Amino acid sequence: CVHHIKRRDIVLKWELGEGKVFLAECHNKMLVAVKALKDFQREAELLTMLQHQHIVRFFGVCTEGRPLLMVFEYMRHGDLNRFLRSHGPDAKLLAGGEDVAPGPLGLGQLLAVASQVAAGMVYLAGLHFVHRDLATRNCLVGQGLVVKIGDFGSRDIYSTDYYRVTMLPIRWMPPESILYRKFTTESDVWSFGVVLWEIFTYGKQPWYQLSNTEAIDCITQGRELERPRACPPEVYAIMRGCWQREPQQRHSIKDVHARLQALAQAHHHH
């Protein structure tokens, strides 16, 4: 069951973003990310259950005093959207003096990021668990290019990624989810294809040239996102497999993961 942590053992340092999420040190020294909220019990049991190398580690709860706390591992390099944007074509301009080898991520690194998000989605699909909000803003980066699926639904600095209908991430959603709120492992695989597009554009917002209502019309009409400049044709063919109009015609996350792993392996020594 759910592991409990004594409040005395949690020493807050500062805030990370907004429910408030803080950086802290935990005893039994160790860095951690702590979630404090102003449904908790259901989530605690769920997060104790979801255990995988590519799912952010949950350590337990603090159910003594106010607020109630949720303890997670600290992911140094932050959210995957910010990481992509800061390790993109303009990385040299954006980098601080001390930054190590500033520049855009190469093909091998982009494929290793994509494969780790896919591995996490393979685990969730095997458990018949539907994420509903897969996007780079919901993935986290740790030291050594370790990528894990974080939040399950964001940090408010990404409010522009949601449309009010109850906030929906319409740009990552297939037509059946936009029209009927039909969420399945097949709508998550569509969102995965959009994550691939975000990765290969270094964090651009999908349909950035369009407003929310223009994006809804394009998606429901069957328009597909253009191939990114850094995207090889074989990676775009994977995106297209995720974007089949009929949910049952979409490739399974398992085959997508196997294809990305096969492409990563063939590029390792080059």
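Rigid core: the largest C-alpha set superposing within 1.5 Å between the two forms. Numbers for residues come from their place in the sequence shown, where the first is 1.
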Higher Cα RMS in 9 other deposited structures of this protein relative to the shown form (core alignment), 29-37 or 235-243, goes to 29-37
After core superposition, the stretch with larger RMS C-alpha deviation in 9 other deposited structures of this protein, comparing 129-137 and 144-152, is 144-152
As a check of understanding, is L168 unmodelled in at least a third of the other compared entries that model its flanking residues? no
For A95, do at least a third of the other compared PDB entries give no atomic coordinates? yes
Neighbours in the displayed sequence, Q209 and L210 may still hide a gap; how many deposited residues lack coordinates there, none, 1 to 3, 4 to 9, or 10 or more? none
Between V165 and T166, what class does the number of missing deposited residues fall in: none, 1 to 3, 4 to 9, or 10 or more? 1 to 3
Mean temperature factor over C-alpha atoms, higher-scoring stretch between 92-100 and 77-85: 92-100
Highest mean C-alpha temperature factor of the two stretches 261-269 and 3-11, which is it? 3-11
Looking at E176, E198, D188, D151, which has the highest CA B-factor as recorded? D151
Quick one: which of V56, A230, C26, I238 has the biggest Cα B-factor according to the entry? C26
Where does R223 sit by CA temperature factor within its chain: lowest, middle or highest third? lowest
What third of its chain's C-alpha B-factors does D161 belong to: lowest, middle or highest? middle
Sorting the chain's CA B-factors, does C242 end up in the lowest, middle or highest third? lowest
Against its chain's modelled residues, does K35's Cα B factor rank lowest, middle or highest third? highest
In terms of the CA temperature factor given in the entry, to which third of its chain does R42 belong: lowest, middle or highest? highest
